[PDB]
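**Q** Quick one: structure below, then a few questions.
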Amino acid sequence: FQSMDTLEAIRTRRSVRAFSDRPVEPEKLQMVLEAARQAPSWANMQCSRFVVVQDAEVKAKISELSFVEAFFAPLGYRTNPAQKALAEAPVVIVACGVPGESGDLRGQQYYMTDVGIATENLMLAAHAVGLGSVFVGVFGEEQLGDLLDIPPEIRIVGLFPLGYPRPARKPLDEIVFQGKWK
Amino acid sequence: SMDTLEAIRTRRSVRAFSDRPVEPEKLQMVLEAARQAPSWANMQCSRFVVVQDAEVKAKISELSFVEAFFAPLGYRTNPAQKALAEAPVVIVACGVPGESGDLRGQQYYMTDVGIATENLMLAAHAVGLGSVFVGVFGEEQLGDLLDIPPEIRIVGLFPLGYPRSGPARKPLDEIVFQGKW
Ligand SMILES: Cc1cc2nc3c(=O)[nH]c(=O)nc-3n(C[C@H](O)[C@H](O)[C@H](O)COP(=O)(O)O)c2cc1C
Ligand SMILES: Cc1cc2nc3c(=O)[nH]c(=O)nc-3n(C[C@H](O)[C@H](O)[C@H](O)COP(=O)(O)O)c2cc1C
């Protein structure tokens with residue numbers, strides 16, 4: 001399939017924060033999630049998990065949870081410029097990690113690295129088929145988990161607005177959940 | 001190079017390398033790909049030491065052995081150990097933890113290096129090269145060997161070779177170091 005040259009995709013990929021309301025073809029959504037699934041992971045343990053969120057009301061709640069209060073502003077983000085994107089995008093993908101399914105040594109959380117690898121696949125694949133996304137790291141984790149029925153032992157790592165800009169792997173259905181955690 | 005989806009699908013962990021030299025141009029494309037990675041607040045905490053010296057690469061290989069007592073998840077032995085010695089190039093990927101998010105007790109520098117090294121690995125595969133993420137190594141001795149300060153964290157080793165409108169990035173000469181830190 002002809003998407004985009006790898007070097008070109010890597011160079012031209014941008015954080016997209018403004019989305020049209022044009023629907024994402026499930027065929028493209030599948031190519032994006034397949035790319036994430038194809039990611040290398042610590043010992044092929046594949047600790048990444050994804051919740052695909054499409055409901056308007058639920059997306060609006062997620063957007064609210066990604067607000068930055070100046071008092072609690074994390075490093076480098078005085079505001080969260082991707083906040084409205086989480087509301088506007090037809091699809092929001094919530095990327096999580098099972099920490100016990102990746103390396104834990106030298107005080108380092110390799111699940112964070114594994115999810116980074118998988119989400120860079122996800123973002124490059126999306127850009128390659130004409131979609132846009134942005135890694136969102138700022139959000140209230142406990143409220144988000146509560147909203148999506150994500151168990152507290154699962155760690156949420158990033159949110160990915162997805163839409164049109166304005167050695168065997170586990171089955172897709174084992175690492176991607178529709179609407180809420182299963 | 002190669003179609004993005006195809007490269008993502010066909011990329012493999014390569015652990016056996018030929019002795020064909022890596023063309024300077026390809027090495028640069030691979031490092032530039034890592035430089036182009038997105039990162040927490042564009043702070044770009046990733047750093048890279050490019051090692052080519054035969055003896056230093058042997059030492060790195062010597063350092064990526066698994067001690068039974070410290071055997072991490074799924075790696076009773078390190079299958080990529082010989083690769084570190086064989087490969088024409090080893091890229092040592094590091095992170096500056098203070099230059100990425102640290103909240104909810106999560107080390108986002110690990111995520112940022114993960115992102116940059118997936119660019120590196122995809123780019124490498126796209127131009128006909130092979131690589132493998134090596135997470136198993138003795139960080140202290142490796143840091144000493146390569147003059148890497150202990151406040152800098154080493155995240156991954158990358159044998160590299162042949163198989164047998166966004167915000168400004170930091171310049172390449174500030175994140176890529178030749179031979180040693
Ligand atoms: C964070 C990370 C660390 C890794 N460390 C090692 C390692 O120390 N030794 C090794 O042989 N492979 C290592 N790998 C490679 C995995 O074993 C490999 O990616 C996985 O089994 C999937 O196979 P594939 O890359 O060919 O698709 C590592 C991979 C990741 C993502
Ligand atoms: C780990 C991580 C967390 C991020 N969190 C946010 C975020 O919360 N809000 C936002 O607008 N962008 C976020 N970004 C996007 C970066 O700000 C962006 O990648 C960087 O500024 C470079 O821009 P570019 O992606 O267009 O090259 C995040 C990126 C990374 C890698």
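Identifiers in the structure tokens: chain A, B, ... in order shown; residue index from 1 per chain; ligand index from 1 in order shown.
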Need the shell around residue 140 in chain B: protein/DNA/RNA residues with any atom at most 10 Å away, counting only C-alpha atoms. Skip same-chain ones fewer than 4 positions apart. Format as a PyMOL selection string?
**A** (chain A and resi 106) or (chain B and resi 63+144-145+148-150+153-154)
**Q** Write out as a list in words each polymer residue whose atoms come within 9 Å of residue 176 in chain B, counting only C-alpha atoms; drop sequence neighbours fewer than 5 positions from it.
**A** residues 31, 47, 48, 49, 50, 171 and 181 of chain B
**Q** Using only C-alpha atoms, pick whichever of A:52, A:29, A:175, A:18 has the shortest atom-to-atom distance to residue 148 in chain A.
**A**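 Using only C-alpha atoms, residue 148 in chain A sits closest to A:52.
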**Q** Kindly indicate which residue among B:134, B:83, B:73, B:27 lies nearest to chain A, using only C-alpha atoms for the distances.
**A**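 Smallest distance to chain A is found for B:73.
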**Q** Please identify all protein, DNA and RNA residues within 8 Å of ligand 2, counting only C-alpha atoms and all ligand atoms, and report them as an mmCIF file with N, CA and C atoms, in the first residue's frame.
**A**
```cif
data_model
loop_
_atom_site.group_PDB
_atom_site.id
_atom_site.type_symbol
_atom_site.label_atom_id
_atom_site.label_comp_id
_atom_site.auth_asym_id
_atom_site.auth_seq_id
_atom_site.Cartn_x
_atom_site.Cartn_y
_atom_site.Cartn_z
ATOM 1 N N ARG A 13 5.715 14.785 10.154
ATOM 2 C CA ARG A 13 4.742 14.556 11.218
ATOM 3 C C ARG A 13 4.718 15.767 12.151
ATOM 4 N N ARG A 14 3.518 16.251 12.471
ATOM 5 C CA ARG A 14 3.334 17.379 13.387
ATOM 6 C C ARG A 14 2.348 17.020 14.470
ATOM 7 N N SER A 15 2.422 17.711 15.602
ATOM 8 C CA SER A 15 1.354 17.609 16.577
ATOM 9 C C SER A 15 0.162 18.415 16.041
ATOM 10 N N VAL A 16 -0.918 17.723 15.687
ATOM 11 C CA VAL A 16 -2.116 18.399 15.194
ATOM 12 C C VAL A 16 -3.107 18.595 16.330
ATOM 13 N N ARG A 17 -3.554 19.837 16.486
ATOM 14 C CA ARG A 17 -4.400 20.218 17.607
ATOM 15 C C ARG A 17 -5.719 20.834 17.146
ATOM 16 N N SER A 66 -8.290 17.268 30.864
ATOM 17 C CA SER A 66 -6.951 17.582 30.391
ATOM 18 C C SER A 66 -6.647 19.067 30.560
ATOM 19 N N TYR A 77 4.195 22.998 30.404
ATOM 20 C CA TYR A 77 2.823 23.224 29.930
ATOM 21 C C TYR A 77 2.032 24.126 30.869
ATOM 22 N N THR A 79 -0.421 25.876 29.850
ATOM 23 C CA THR A 79 -1.769 25.486 29.457
ATOM 24 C C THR A 79 -1.633 24.184 28.687
ATOM 25 N N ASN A 80 -2.760 23.530 28.425
ATOM 26 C CA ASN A 80 -2.775 22.366 27.554
ATOM 27 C C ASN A 80 -3.403 22.712 26.206
ATOM 28 N N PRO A 81 -2.571 22.999 25.195
ATOM 29 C CA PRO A 81 -3.133 23.482 23.931
ATOM 30 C C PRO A 81 -3.903 22.393 23.193
ATOM 31 N N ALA A 82 -3.809 21.151 23.655
ATOM 32 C CA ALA A 82 -4.502 20.075 22.957
ATOM 33 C C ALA A 82 -5.869 19.802 23.556
ATOM 34 N N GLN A 83 -6.291 20.631 24.507
ATOM 35 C CA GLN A 83 -7.529 20.381 25.234
ATOM 36 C C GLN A 83 -8.773 20.345 24.339
ATOM 37 N N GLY A 116 5.863 4.570 24.428
ATOM 38 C CA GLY A 116 6.411 5.593 23.541
ATOM 39 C C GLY A 116 6.693 5.055 22.143
ATOM 40 N N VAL A 134 -1.813 14.134 18.198
ATOM 41 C CA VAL A 134 -0.909 14.803 19.120
ATOM 42 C C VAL A 134 -0.841 13.925 20.356
ATOM 43 N N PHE A 135 0.369 13.744 20.881
ATOM 44 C CA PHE A 135 0.572 13.047 22.150
ATOM 45 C C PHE A 135 0.137 14.006 23.253
ATOM 46 N N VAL A 136 -0.850 13.617 24.048
ATOM 47 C CA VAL A 136 -1.234 14.450 25.187
ATOM 48 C C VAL A 136 -0.861 13.762 26.499
ATOM 49 N N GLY A 137 0.071 14.367 27.240
ATOM 50 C CA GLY A 137 0.548 13.765 28.479
ATOM 51 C C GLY A 137 -0.055 14.349 29.745
ATOM 52 N N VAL A 138 -0.783 15.449 29.582
ATOM 53 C CA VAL A 138 -1.349 16.194 30.705
ATOM 54 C C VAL A 138 -2.838 15.894 30.829
ATOM 55 N N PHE A 139 -3.227 15.287 31.947
ATOM 56 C CA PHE A 139 -4.618 14.907 32.200
ATOM 57 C C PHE A 139 -4.708 14.402 33.634
ATOM 58 N N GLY A 158 -0.761 8.343 27.667
ATOM 59 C CA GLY A 158 -1.049 9.443 26.767
ATOM 60 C C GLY A 158 -2.416 9.381 26.116
ATOM 61 N N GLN B 36 14.067 14.438 14.821
ATOM 62 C CA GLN B 36 12.746 14.930 14.444
ATOM 63 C C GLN B 36 11.624 14.442 15.367
ATOM 64 N N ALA B 37 11.956 13.596 16.337
ATOM 65 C CA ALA B 37 10.936 13.033 17.223
ATOM 66 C C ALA B 37 10.190 14.091 18.020
ATOM 67 N N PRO B 38 8.887 13.869 18.229
ATOM 68 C CA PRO B 38 8.147 14.693 19.186
ATOM 69 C C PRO B 38 8.629 14.379 20.605
ATOM 70 N N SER B 39 8.472 15.332 21.513
ATOM 71 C CA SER B 39 8.956 15.166 22.874
ATOM 72 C C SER B 39 8.148 16.086 23.773
ATOM 73 N N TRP B 40 8.066 15.713 25.044
ATOM 74 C CA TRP B 40 7.426 16.525 26.070
ATOM 75 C C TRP B 40 7.823 17.995 25.973
ATOM 76 N N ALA B 41 6.842 18.845 25.664
ATOM 77 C CA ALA B 41 7.045 20.290 25.548
ATOM 78 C C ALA B 41 8.184 20.670 24.590
ATOM 79 N N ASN B 42 8.498 19.788 23.645
ATOM 80 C CA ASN B 42 9.586 20.017 22.685
ATOM 81 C C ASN B 42 10.936 20.166 23.379
ATOM 82 N N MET B 43 11.047 19.659 24.598
ATOM 83 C CA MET B 43 12.292 19.837 25.340
ATOM 84 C C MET B 43 13.404 18.875 24.942
ATOM 85 N N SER B 100 12.070 16.286 30.735
ATOM 86 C CA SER B 100 10.790 15.695 30.333
ATOM 87 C C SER B 100 9.869 15.669 31.549
ATOM 88 N N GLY B 101 8.585 15.444 31.314
ATOM 89 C CA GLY B 101 7.622 15.397 32.398
ATOM 90 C C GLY B 101 7.961 14.381 33.479
ATOM 91 N N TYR B 108 8.604 10.493 32.093
ATOM 92 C CA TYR B 108 8.326 10.681 30.671
ATOM 93 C C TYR B 108 9.578 10.715 29.789
ATOM 94 N N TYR B 109 10.755 10.911 30.383
ATOM 95 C CA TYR B 109 11.971 10.851 29.575
ATOM 96 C C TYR B 109 12.131 9.472 28.919
ATOM 97 N N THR B 111 9.631 7.663 27.894
ATOM 98 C CA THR B 111 8.714 7.723 26.768
ATOM 99 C C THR B 111 9.331 8.510 25.612
ATOM 100 N N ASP B 112 9.952 9.651 25.918
ATOM 101 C CA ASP B 112 10.585 10.474 24.882
ATOM 102 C C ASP B 112 11.716 9.728 24.173
ATOM 103 N N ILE B 115 10.199 7.114 21.919
ATOM 104 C CA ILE B 115 9.700 7.728 20.701
ATOM 105 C C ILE B 115 10.838 7.979 19.711
ATOM 106 N N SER B 165 5.497 22.640 9.833
ATOM 107 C CA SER B 165 5.436 23.876 10.607
ATOM 108 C C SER B 165 5.592 23.662 12.124
ATOM 109 N N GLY B 166 6.534 22.815 12.533
ATOM 110 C CA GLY B 166 6.701 22.510 13.947
ATOM 111 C C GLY B 166 7.743 23.368 14.638
ATOM 112 N N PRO B 167 7.763 23.345 15.983
ATOM 113 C CA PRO B 167 8.733 24.133 16.760
ATOM 114 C C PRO B 167 10.173 23.639 16.563
#
```
**Q** At a cut-off of 8 Å, can you tabulate as a Markdown table every residue of chain B near ligand 1 together with its closest atom pair and the distance in Å to one decimal, using only C-alpha atoms and all ligand atoms and ordering rows by chain then number?
**A**
```
| residue | atom | partner | partner_atom_place_in_ligand_line | distance |
| --- | --- | --- | --- | --- |
| B:11 | CA | ligand 1 | 27 (O) | 6.5 |
| B:12 | CA | ligand 1 | 26 (O) | 3.6 |
| B:13 | CA | ligand 1 | 26 (O) | 3.7 |
| B:14 | CA | ligand 1 | 26 (O) | 7.0 |
| B:15 | CA | ligand 1 | 11 (O) | 7.0 |
| B:64 | CA | ligand 1 | 8 (O) | 7.6 |
| B:75 | CA | ligand 1 | 8 (O) | 7.0 |
| B:78 | CA | ligand 1 | 9 (N) | 4.9 |
| B:79 | CA | ligand 1 | 11 (O) | 4.2 |
| B:80 | CA | ligand 1 | 11 (O) | 3.9 |
| B:81 | CA | ligand 1 | 9 (N) | 7.1 |
| B:114 | CA | ligand 1 | 1 (C) | 7.4 |
| B:132 | CA | ligand 1 | 15 (C) | 5.8 |
| B:133 | CA | ligand 1 | 28 (C) | 4.5 |
| B:134 | CA | ligand 1 | 5 (N) | 3.7 |
| B:135 | CA | ligand 1 | 5 (N) | 3.8 |
| B:136 | CA | ligand 1 | 8 (O) | 4.1 |
| B:137 | CA | ligand 1 | 8 (O) | 7.4 |
| B:156 | CA | ligand 1 | 3 (C) | 7.0 |
```
**Q** Only residues of chain A matter here; which ones have an atom within 7 Å of chain B, counting only C-alpha atoms? Give them as a ChimeraX atom specification.
**A** /A:2-7,9-11,14,35,38,43,75-77,102-105,110,112-117,120-121,125,128
**Q** Save the residues we just selected, N, CA, C and O atoms, as a compact mmCIF listing (two decimals), in the first residue's frame?
**A**
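As a result, out_34.txt now contains:
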```txt
# COMPACT_ATOMS: atom_id res chain seq x y z
N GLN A 2 0.43 2.27 -0.76
CA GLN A 2 1.13 3.55 -0.83
C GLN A 2 0.55 4.55 0.18
O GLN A 2 -0.57 5.03 0.03
N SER A 3 1.33 4.85 1.22
CA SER A 3 0.93 5.85 2.21
C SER A 3 1.83 7.06 2.05
O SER A 3 1.47 8.07 1.42
N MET A 4 3.03 6.93 2.59
CA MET A 4 4.00 7.99 2.52
C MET A 4 5.35 7.38 2.80
O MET A 4 5.45 6.43 3.57
N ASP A 5 6.38 7.90 2.15
CA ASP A 5 7.74 7.49 2.42
C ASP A 5 8.09 7.67 3.91
O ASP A 5 7.73 8.68 4.54
N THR A 6 8.78 6.68 4.48
CA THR A 6 9.12 6.68 5.91
C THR A 6 9.89 7.92 6.35
O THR A 6 9.50 8.58 7.32
N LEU A 7 10.98 8.23 5.67
CA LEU A 7 11.78 9.39 6.08
C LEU A 7 10.96 10.68 6.02
O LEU A 7 11.07 11.56 6.88
N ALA A 9 7.52 10.92 6.16
CA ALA A 9 6.56 10.87 7.27
C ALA A 9 7.18 11.32 8.58
O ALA A 9 6.60 12.10 9.34
N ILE A 10 8.38 10.81 8.87
CA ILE A 10 9.05 11.14 10.12
C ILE A 10 9.39 12.63 10.18
O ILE A 10 9.21 13.27 11.21
N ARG A 11 9.86 13.18 9.07
CA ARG A 11 10.20 14.60 9.03
C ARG A 11 8.97 15.51 9.09
O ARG A 11 9.02 16.59 9.68
N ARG A 14 3.52 16.25 12.47
CA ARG A 14 3.33 17.38 13.39
C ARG A 14 2.35 17.02 14.47
O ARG A 14 1.52 16.13 14.29
N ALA A 35 -0.44 -0.64 13.31
CA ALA A 35 0.93 -0.13 13.41
C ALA A 35 1.40 -0.12 14.87
O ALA A 35 2.54 -0.50 15.18
N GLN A 38 2.20 -3.55 15.98
CA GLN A 38 3.40 -4.10 15.36
C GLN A 38 4.69 -3.60 16.00
O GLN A 38 5.79 -3.97 15.61
N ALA A 43 10.90 -7.71 25.42
CA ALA A 43 10.73 -9.15 25.29
C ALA A 43 9.44 -9.58 24.59
O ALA A 43 8.89 -10.64 24.88
N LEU A 75 5.75 20.79 34.23
CA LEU A 75 6.89 21.22 33.44
C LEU A 75 6.52 21.49 31.98
O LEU A 75 5.99 20.62 31.30
N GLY A 76 6.80 22.71 31.53
CA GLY A 76 6.64 23.08 30.13
C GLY A 76 5.22 23.31 29.62
O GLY A 76 5.06 23.78 28.49
N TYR A 77 4.20 23.00 30.40
CA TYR A 77 2.82 23.22 29.93
C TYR A 77 2.03 24.13 30.87
O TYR A 77 1.35 23.65 31.78
N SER A 102 6.61 -5.13 31.27
CA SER A 102 7.79 -4.55 30.65
C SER A 102 8.91 -4.55 31.67
O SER A 102 8.68 -4.81 32.85
N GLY A 103 10.12 -4.23 31.22
CA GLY A 103 11.27 -4.18 32.10
C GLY A 103 11.16 -3.23 33.27
O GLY A 103 10.63 -2.10 33.17
N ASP A 104 11.66 -3.70 34.41
CA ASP A 104 11.76 -2.90 35.61
C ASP A 104 13.14 -3.15 36.21
O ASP A 104 13.33 -4.10 36.96
N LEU A 105 14.10 -2.29 35.85
CA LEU A 105 15.46 -2.42 36.36
C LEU A 105 16.16 -1.07 36.37
O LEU A 105 15.80 -0.17 35.59
N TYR A 110 10.37 0.71 32.06
CA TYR A 110 10.40 0.47 30.62
C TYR A 110 9.02 0.41 29.97
O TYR A 110 8.92 0.51 28.76
N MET A 112 6.98 2.78 30.08
CA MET A 112 6.92 4.13 29.50
C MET A 112 7.56 4.20 28.12
O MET A 112 7.04 4.85 27.20
N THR A 113 8.70 3.54 27.98
CA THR A 113 9.42 3.42 26.72
C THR A 113 8.65 2.60 25.69
O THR A 113 8.53 3.00 24.53
N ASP A 114 8.11 1.46 26.13
CA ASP A 114 7.31 0.60 25.27
C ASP A 114 6.10 1.36 24.71
O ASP A 114 5.80 1.28 23.52
N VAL A 115 5.41 2.10 25.56
CA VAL A 115 4.26 2.85 25.08
C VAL A 115 4.70 3.97 24.15
O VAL A 115 4.01 4.29 23.17
N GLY A 116 5.86 4.57 24.43
CA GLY A 116 6.41 5.59 23.54
C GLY A 116 6.69 5.06 22.14
O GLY A 116 6.42 5.69 21.12
N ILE A 117 7.25 3.85 22.10
CA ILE A 117 7.54 3.20 20.84
C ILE A 117 6.27 2.91 20.09
O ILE A 117 6.18 3.15 18.89
N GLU A 120 4.57 6.16 18.84
CA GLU A 120 5.24 6.80 17.70
C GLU A 120 4.87 6.07 16.41
O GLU A 120 4.61 6.71 15.39
N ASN A 121 4.78 4.74 16.46
CA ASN A 121 4.21 3.99 15.34
C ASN A 121 2.82 4.51 14.99
O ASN A 121 2.50 4.71 13.83
N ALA A 125 1.91 6.37 11.52
CA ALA A 125 0.95 5.68 10.65
C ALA A 125 -0.23 6.58 10.33
O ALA A 125 -0.72 6.61 9.20
N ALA A 128 0.84 9.17 7.91
CA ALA A 128 1.05 8.54 6.60
C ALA A 128 -0.23 8.28 5.81
O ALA A 128 -0.19 8.20 4.58
```
**Q** DSSP on the backbone, helix (DSSP H, G or I) only: what residues of chain B does that give? Format it as number ranges by chain.
**A** B: 4-10, 24-35, 40-42, 54-63, 68-70, 81-86, 97-99, 108-126, 139-146, 172-175
**Q** Considering only C-alpha atoms, can you say which of A:140, A:107, A:145, A:90 comes closest to residue 51 in chain A?
**A** A:145
**Q** From a backbone DSSP assignment, name each residue in chain B labelled strand (DSSP E), as a ChimeraX atom specification.
**A** /B:46-51,89-95,102-103,106-107,130-131,153-161,176-178
**Q** Choose the residue, out of A:37, A:49, A:78, A:22, that has the smallest atom-to-atom separation from residue 154 in chain A; count only C-alpha atoms.
**A** A:49
**Q** Compare A:40, A:147, A:57, A:98 by their minimum atom-to-atom distance to residue 131 in chain B, counting only C-alpha atoms, and give me the closest one.
**A**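 Of A:40, A:147, A:57, A:98, the one nearest residue 131 in chain B, counting only C-alpha atoms, is A:40.
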**Q** Report, in Å to a single decimal, how far apart CA of residue 161 in chain B and CA of residue 17 in chain B are.
**A**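 CA of residue 161 in chain B lies 6.2 Å from CA of residue 17 in chain B.
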**Q** Just how far from CA of residue 144 in chain A is CA of residue 132 in chain A, in Å to one decimal?
**A**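 Taking CA of residue 132 in chain A and CA of residue 144 in chain A, their separation equals 22.5 Å.
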**Q** Considering only C-alpha atoms, return as an MDAnalysis selection string whatever protein or nucleic-acid residues lie within 9 Å of residue 93 in chain A, sequence-local ones (same chain, fewer than 6 positions apart) excluded.
**A** chainID A and resid 50:54 158:162
**Q** In Å, with one decimal, what is the gap from CA of residue 58 in chain A to CA of residue 111 in chain A?
**A**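 The value is 26.4 Å.
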